[PDB]
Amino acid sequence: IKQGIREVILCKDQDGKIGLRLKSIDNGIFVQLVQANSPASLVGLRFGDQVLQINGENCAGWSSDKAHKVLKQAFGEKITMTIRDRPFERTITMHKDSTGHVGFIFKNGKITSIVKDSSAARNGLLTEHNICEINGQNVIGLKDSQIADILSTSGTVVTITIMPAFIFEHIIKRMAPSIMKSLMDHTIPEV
């Protein structure tokens, strides 16, 4: 998680889309969904990122509807956005033990217990937190077994990005699980 504000420049695709849905939270605007293979993914927007400005105008106080409308009405040749990086999230680095475990239990992507004497215990992983990313890869909407599988196929060093569940549950309201599973970018970013 970068302690930064960064500028991104976007271009609507040939369908006039950027591949973004946005959500009003605490009088800011946050990214609720980034579509795979979209202008938003390509420029590196992530679930939970805060949008500070669009085209030099402050997003403060905007409703979700107003943010969507602003994007629709932008001359989509060059849209500038000022982003603060995933401000409700934190990243925790763990090491798999000899048995290949880091030491927690989760359910519906939410961490529910920390295993004694684990790497998770040593690094202070918290319960009541939703898993947003593993090793920089968005895992939101994937099944527990797929998240398990990613953890298995990772190396020893496992980086997890988490968000307090009450904030996660606020961000994802009015978005169908099937959309999150099917449409949220789960790819590794391209170079």
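Start at 1 with the first residue shown and count on from there.
- Annotation for 81-89 versus 97-105: the higher mean temperature factor (C-alpha) is found in 97-105.
- The stretch 141-149 shows the higher mean C-alpha B-factor when 161-169 is compared against 141-149 in the entry.
- Among all modelled residues in this chain, the alpha-carbon of residue 118 has a temperature factor (C-alpha) in the highest third.
- Looking at the C-alpha B-factors along this chain, the one for residue 34 belongs to the lowest third.
- Per the PDB record, residue ranking by Cα B-factor puts residue 70 in the highest third of the chain.
- Among all modelled residues in this chain, the alpha-carbon of residue 176 has a temperature factor (C-alpha) in the highest third.
- Residue 135 sits in the middle third of its chain by CA B factor, as recorded in the PDB entry.
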